[PDB]
Ligand SMILES: [Zn+2]
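Chains as they are written, first to last, in PDB author numbering: chain A, 727 to 871; chain B, 437 to 485; chain C, 50 to 97; chain D, 17 to 270; chain E, 17 to 270; chain F, 1017 to 1129; chain G, 19 to 62; chain H, 239 to 311; chain I, 424 to 510; chain J, 50 to 146.
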């Protein structure tokens, strides 16, 4: 019942985030995520979207959203470290939509709603993205039958 | 046995996370606490050992 | 001014941003520079 | 000169910061004024608050009544620049209305992205021309003579980014077959940069494919001696691996 | 002499550093300010700050009046040169208003690029003439009487560049069949520079091409014993391939 | 095959988001919340007579703004667990009783607090 | 918080019309205000 | 003296402080430690290309300063 | 709530505090001293090149050059893995 | 057994190939019953190309030298007039599941 694909099911989960216009500035859906390695953002699109059919696991970057800025109070230790490595001029914050813990799936669809286009959006937000991840769950221990 | 219970890998890894970080630092599989946390979140095989 | 600073070691008028000179009364607004958790313990009152 | 559009306003940050209106230079002003202009520019027209601008220009110890100093710096910018190019939003300033190619940093970013795309596409001449255009942007050290911890951070970041640009450029030069100029300029750079290991590995692979061996291993021995004297550790294993594969006279590189 | 424009200011750094106006040299003066002028000239118009100038010129330990000494050297050059050539920007000193072809290094680089384009286009004689004119601009030793560690680094860089230009001109001359002067030049430089192995490889190619064989093998044995005595690697696969092609009497090389 | 899938039931937490009105952890699987140690659980631990495990499950593993950080530091650095402090919910109870015009004051052996 | 020196403090005495006297801690570099709100009754 | 022998086997070739010729000759063959050269016999380093008798004498004097000797010597 | 201090963040900050002093002690005493007098650390306010040139008594160029040398040494990848992941 | 495939115009096993009545997951199910023998220890790429209406089966596949299909009657999918199927089935050797 595992090898012959008898008791298995496709489970599709939708998960969304929206880039809004807060008081400090507009949230941006961008690829240039700060303080992260290049291999993490390898599967993102030019505008910061995970590609269709890209296998994704827990903790991975789905859509790259950065907050515009935050009250900055760098500690002298972090200031000295910043001098050695250098940091982004923007000083944006990592609030991108990640995969929840213990989730594995294949991205089967992304829906983007833009305020600049004809799409209608709730007040405040500038754009919105929804990602569907689909996993073919086989039968395992603890599954109730 | 009567005194045993079977915890899953992910659940036991999440419960014992700081102990796993300390042991990873002690067994020099991670340079520091941040690297140990990154290895625990990534879920490598040495973390499970 | 009554319930303590909502920030950490800051005050209302924007002056006294650092941590070094903690525990002082700002002359502009009266906000004592201290931790934000003081707002969990500091109360006021209403005169009827 | 082919992109000199009428009414186009050009800004220079990759070297000494400057303003150019249709070809004529503008008096930027005091070094702190120049650093404020650079801080407002590098955010790609994002609104920076006055307190954050103070933190970028001066750091941890500002004088008490010197918010009006930033106010008069912004007023002097609006004197020098257009009334509408610098806008005031939420108590801060933002340099808006900038077209494409106006900022040299954005031009360098686009040129580097195009070079990477042509590397992915395998085009050597096009990416070589793109990097030649990129290297003709900055003049001298970046952010010359400006104070501030933000200015220092941008200086060191852009210097490191220029270092990786030179590394990729000259790795491509060794890929295409430019021996002489690469050997000469990397000798100059490693004379300027004594402890940069990547440039010294580039010297090793360049001299291994250029017919010169004695000064290569002399530089390598000096590298190990200086790295042991100044740090007390061992160099990176890739350098030792490439030196070992050089020692066995592998014809793959030749 | 055909490009001697009236009022044109030219500079020479490929040999002793000098300034010429209408064919008449200018009083450069002290070697220290000569080194400063060379440091400003060798950046190809890129701005240089005062602090990096001090670090390049005086090395690691400047005395207590470095900034004022650099300032008075720049002032002496301001009386010596045109006021509009030497400018002060962002706390640094730069050389502007430089005409095309006035600088010997820039002219040599342009002639080298034109020679490379002609070689890619097949015009060997035009490339040879252009880079011969470029090589005629070297006035003996590079940076004569120019102190400072940066002066040594620039001397090494320009000497390596000149040696590589001589090397490529020599291979072009061997391909053109003008081996008579090439043999003498190669022998003179190998007496001057035994360390270069590519130059000795071109010498071996000339020896095999002109028609004598046994003394060419003596030259190869001399290179092998020098390599074994000083450094001790086996001969490189390119050199061994050339040697075995010479021993097999390859008609393609002849 | 029922929809009580094991991939959705399983949830674990060592340290995650904390609530705001009281500083205990919040609840739920999606928000990385902790299991509830209700009143009957506390009765069971008193019936065992394990004062220390009950105290650390009530004061260390929740409801202490400074105990949790110190215990995490002690586990990471390998040293022994620090002594538990005072739960925050008791302080919130004292503050809410004080604003109903009740002079609820703690007393030590020597005097007040 | 380990090794930090507080800005020097002076306790300035304020008295209201109703007789309430209280001390407020201010910095030495600070400008002392002649007017304050009474902690006891809220008066001048 | 066992710790001293371990230290004399453990240090890299760069502390051996001889000329670049024999150092390059031994590094080409893959020898990077003093103990690796000690474990090799005499015919092992007289089979090295471009390794003359002066190189052998210099190496022998070098290890003689350190107090240890070759294998089968 | 966002004002709640994350235990992992505080542990990382404390480990950064312990590691930065160790990597400073890895360097020479004089270089570590001038770095700690130049970029915050021991003393909250960061003293400028001018403000430290009286207690130590050299030129602006010498102190600037040794500061640049310390920055280049700390930028070398050997002393980077102990602090790169600390951000 | 077949261990991986690649359908042209398909990025994941939850799409539908334009012009077949069976979705890609049903294609996975039909491929999983295809019994094969591979002499090569390394994986081998087999090719299945079909254009136009018809019934694509295991007899329509192209087995390389050393790799043989053994049930050519196994139906794989159906194609209407605008159907076009191109798969590159990777076959490997092993034991068990
Ligand atoms: Zn205030």
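All residues carry an ideal CB built from backbone N, CA and C; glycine is no exception.
Where residue i meets chain B, residues with beta-carbon distance less than 7 angstroms
i                      : result
residue 1029 (chain F) : 450
Closer than 8 angstroms to chain E by CB, residue i
i                     : result
residue 488 (chain I) : yes
residue 229 (chain D) : yes
residue 238 (chain D) : no
Beta-carbon separation (whole angstroms), residue i vs residue j, contact threshold 8 angstroms
i                      : j                     : result
residue 504 (chain I)  : residue 467 (chain B) : 6 angstroms
residue 462 (chain I)  : residue 805 (chain A) : 7 angstroms
residue 121 (chain J)  : residue 139 (chain J) : Not a contact, Cβ separation roughly 20 angstroms.
residue 174 (chain D)  : residue 146 (chain D) : Residue 174 (chain D) to residue 146 (chain D), Cβ: 18 angstroms. No contact.
residue 750 (chain A)  : residue 794 (chain A) : 5 angstroms
residue 1092 (chain F) : residue 458 (chain B) : 6 angstroms
Proximal chain J residues relative to residue i, where beta-carbon distance stays under 7 angstroms
i                     : result
residue 860 (chain A) : 63
Cutoff 8 angstroms: residue i Cβ touching any chain D Cβ
i                     : result
residue 386 (chain I) : Because residue 386 (chain I) is not part of the residues shown, which for chain I are 424 to 510, the question remains open.
residue 798 (chain A) : yes
residue 444 (chain I) : no
residue 745 (chain A) : no
Residue nearest to residue i in terms of C-alpha spacing, selected from the options
i                     : options                       : result
residue 122 (chain D) : D:77, D:171, D:104 and D:153  : D:153
residue 813 (chain A) : D:171, D:93 and D:249         : D:171
residue 238 (chain D) : D:187, D:220 and D:22         : D:220
residue 52 (chain D)  : D:211, D:33 and D:192         : D:33
residue 729 (chain A) : J:125, J:110 and J:82         : J:82
residue 81 (chain D)  : D:115, D:67, D:41 and D:91    : D:67
residue 109 (chain D) : D:59, D:21, D:138 and D:76    : D:59
residue 272 (chain E) : E:96, E:243, E:49 and E:264   : The shown model of chain E, from 17 to 270, leaves out residue 272 (chain E), and the question about it has no answer.
residue 61 (chain E)  : E:269, E:228, E:23 and E:101  : E:101
residue 847 (chain A) : A:744, A:732 and A:735        : A:744
residue 781 (chain A) : A:871, A:869, A:747 and A:862 : A:862
Contact with chain A by residue i, beta-carbon distance below 8 angstroms
i                     : result
residue 165 (chain D) : yes
residue 274 (chain D) : Since the first residue shown for chain D is 17 and the last is 270, residue 274 (chain D) is missing from the structure and cannot be characterised.
Residue-chain proximity (residue i, chain C), Cβ-Cβ < 8 angstroms
i                      : result
residue 1081 (chain F) : yes
residue 1078 (chain F) : no
residue 44 (chain G)   : yes
residue 1115 (chain F) : yes
Under 7 angstroms by beta carbon: chain E residues contacting residue i
i                     : result
residue 311 (chain H) : Near residue 311 (chain H) there are no residues of chain E at all, since even the closest Cβ is about 22 angstroms away, more than 7 angstroms.
Any non-hydrogen atom of ligand 2 closer than 7 angstroms to residue i Cβ
i                    : result
residue 60 (chain C) : Absent from the structure shown: ligand 2. Ligands present: ligand 1.
Within chain A, the residues that residue i reaches when beta carbons sit closer than 9 angstroms
i                     : result
residue 467 (chain I) : 802
Chain H contact residues for residue i, given Cβ-Cβ distances below 8 angstroms
i                     : result
residue 233 (chain D) : 258 and 262
residue 273 (chain D) : In the structure as shown, chain D starts at 17 and stops at 270, and residue 273 (chain D) therefore has no counterpart that could be examined.
Test: residue i CB closer than 8 angstroms to a CB of chain I
i                    : result
residue 82 (chain E) : yes
residue 75 (chain D) : yes
Contact set between residue i and chain C, taken where Cβ atoms lie within less than 8 angstroms
i                    : result
residue 27 (chain G) : 72 and 73
Beta-carbon neighbours of residue i, restricted to chain F and to distances below 7 angstroms
i                     : result
residue 437 (chain I) : 1089
Contacts that residue i makes with chain D (C-beta to C-beta distance below 9 angstroms)
i                     : result
residue 192 (chain E) : Near residue 192 (chain E) there are no residues of chain D at all, since even the closest Cβ is about 19 angstroms away, more than 9 angstroms.
Neighbour flag for residue i against chain K, beta carbons, 8 angstroms
i                     : result
residue 832 (chain A) : Going by chain labels, chain K is absent from the structure shown, which instead holds the protein chains A, B, C, D, E, F, G, H, I and J.
Beta-carbon neighbours of residue i, restricted to chain A and to distances below 7 angstroms
i                     : result
residue 506 (chain I) : 807
Chain-ordered chain F contacts of residue i [CB-CB under 8 angstroms]
i                    : result
residue 86 (chain C) : 1081
Q) Are three or more beta carbon pairs between the region 438-458 of chain B and the region 851-858 of chain A nearer than 8 angstroms? A) Taking a contact to require three or more Cβ pairs closer than 8 angstroms, the region 438-458 of chain B and the region 851-858 of chain A do not qualify as touching.
Q) If we count Cβ pairs, one from each stretch, closer than 8 angstroms, do we get three or more for the region 474-493 of chain I versus the region 446-461 of chain I? A) These segments touch.
Q: Count the CB pairs spanning the region 487-504 of chain I and the region 782-789 of chain A that are closer than 8 angstroms, and state whether there are at least three.
A: In short, these stretches do not touch, since the Cβ pair count stays below three.
Q. Counting Cβ pairs closer than 8 angstroms, one from the region 84-99 of chain E and one from the region 183-196 of chain D, do we hit at least three?
A. No, the region 84-99 of chain E is not in contact with the region 183-196 of chain D.
Q) When the Cβ atoms of the region 1072-1079 of chain F are set against those of the region 1097-1108 of chain F, are three or more pairs found closer than 8 angstroms? A) Yes, they touch.
(Q) With three or more C-beta pairs closer than 8 angstroms as the rule, is the region 47-60 of chain G touching the region 243-250 of chain H? (A) As far as the Cβ criterion goes, the region 243-250 of chain H does not touch the region 47-60 of chain G, which means the pair count is below three.
Q: Report yes or no: do three or more beta-carbon pairs, one from the region 131-147 of chain E and one from the region 70-84 of chain E, lie closer than 8 angstroms?
A: Because the criterion of three Cβ pairs below 8 angstroms is not met, the region 131-147 of chain E and the region 70-84 of chain E do not touch.
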